[PDB]
Amino acid sequence: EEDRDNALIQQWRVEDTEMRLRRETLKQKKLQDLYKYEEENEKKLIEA
Amino acid sequence: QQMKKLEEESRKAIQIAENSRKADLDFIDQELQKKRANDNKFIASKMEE
């Protein structure tokens with residue numbers, strides 16, 4: 001079981017990485033929308 | 001009568017050695033079963049937050 005516990009380092013360590021990366025890709029989606037939201041708000045101020 | 005004190009010598013050679021050494025083992029079993037509970041709790045207590 002000590003060896004299981006050593007495996008548990010890496011097993012929970014990677015889940016930490018897993019949940020973190022789930023968020024990291026979800027960022028990528030959200031940030032492309034962040035970009036346009038700001039770009040669009042500017043583009044119209046200029047237009048008016 | 002020596003042979004009688006000798007049958008008694010076994011009792012006086014202390015069958016209680018069972019109980020004495022056993023007591024020392026009753027102690028190791030608490031160290032062991034405490035740990036067994038902790039092996040299941042060491043797994044349960046280290047996760048998820």
# chains A, B, ... in the order shown; residues from 1 in each chain; ligands from 1
>>> interface_residues(of="chain B", to="chain A", cutoff="12 Å", atoms="only C-alpha atoms", output="JSON, numbers by chain")
{"B": [36, 39, 40, 42, 43, 44, 46, 47, 48, 49]}
>>> atom_distance(atom1="CA of residue 18 in chain A", atom2="CA of residue 41 in chain B")
24.5 Å
>>> select_by_dssp(residues="chain B", states="helix (DSSP H, G or I)", output="ChimeraX atom specification")
/B:2-11,17-45
>>> atom_distance(atom1="CA of residue 13 in chain A", atom2="CA of residue 34 in chain B")
27.7 Å
>>> atom_distance(atom1="CA of residue 7 in chain A", atom2="CA of residue 45 in chain B")
16.0 Å
